[PDB]
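This document starts with one chain, in the form solved without the partner chain, laid out as structure tokens.
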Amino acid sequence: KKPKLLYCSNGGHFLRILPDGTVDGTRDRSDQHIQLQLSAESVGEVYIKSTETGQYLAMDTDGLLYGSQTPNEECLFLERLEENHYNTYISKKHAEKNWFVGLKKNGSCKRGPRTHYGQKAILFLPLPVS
């Protein structure tokens, strides 16, 4: 396996899953909580896992991102390759809704409802770390 940073184009923050379940974004490339394991359950279905805490990215019924201690339906994301090398991630559990993983410009998480295709918020460049 290979860990990766996920660099949000909106604002320029790496996706971060804090130990408390809080998901936001930091510009600190040293941050321990931005190293992420991607693993494909099925072809276009990934889990995004913290290599420090072993927590999985998830999205709840309101569209808030959290860190789940154990994988579940809420942690499956559909990964699509975009136009200039960036990926988008839409909640499997909420795909009929087009709820995307996204971060605000201030590096806070954008709830799934506030998301739409064409936003820079939802664009993540995977970078192989080191």
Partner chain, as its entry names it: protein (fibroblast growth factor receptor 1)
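Positions refer to the first chain, counted from 1. Here the rigid core means the biggest group of C-alpha atoms that line up within 1.5 Å when the two forms are laid on top of each other. Only residues modelled in both forms are compared.
Sort the modelled residues of the chain by CA B factor and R111 lands in the highest third. Among the modelled residues of the chain, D28 sits in the middle third by CA temperature factor in this PDB entry. Ranked by Cα temperature factor within the chain, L127 sits in the middle third according to the deposited record. The PDB entry assigns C75 a C-alpha temperature factor belonging to the middle third of its chain's modelled residues. Ranked by C-alpha B-factor against the other modelled residues of its chain, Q37 falls in the highest third.
One more form of this protein, deposited with the partner chain bound, exists but is not displayed; see below.
Looking at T51, you'd find every heavy atom of it more than 4.5 angstroms from the partner chain in the deposited complex. Within this chain, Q35 is remote from the site of the partner chain in the deposited complex, having no heavy atom within 4.5 Å. Though the partner is left out of this view, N87 does reach within 4.5 Å of the partner chain in the deposited complex, counting heavy atoms only. The partner chain is not drawn, but in the deposited complex it has no heavy atom within 4.5 Å of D60. Contacts to the partner chain in the deposited complex (heavy atom within 4.5 Å) from stretch 55-83: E79, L81. Among the candidates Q69, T61, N84, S39, the CA atom that moves 2 angstroms or more between this form and the one not shown after core superposition belongs to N84 alone. Once the core is fitted, the segment that moves between this form and the one not shown, counting only runs of three or more residues with each CA displaced by at least 2 angstroms, is 83-85 alone.
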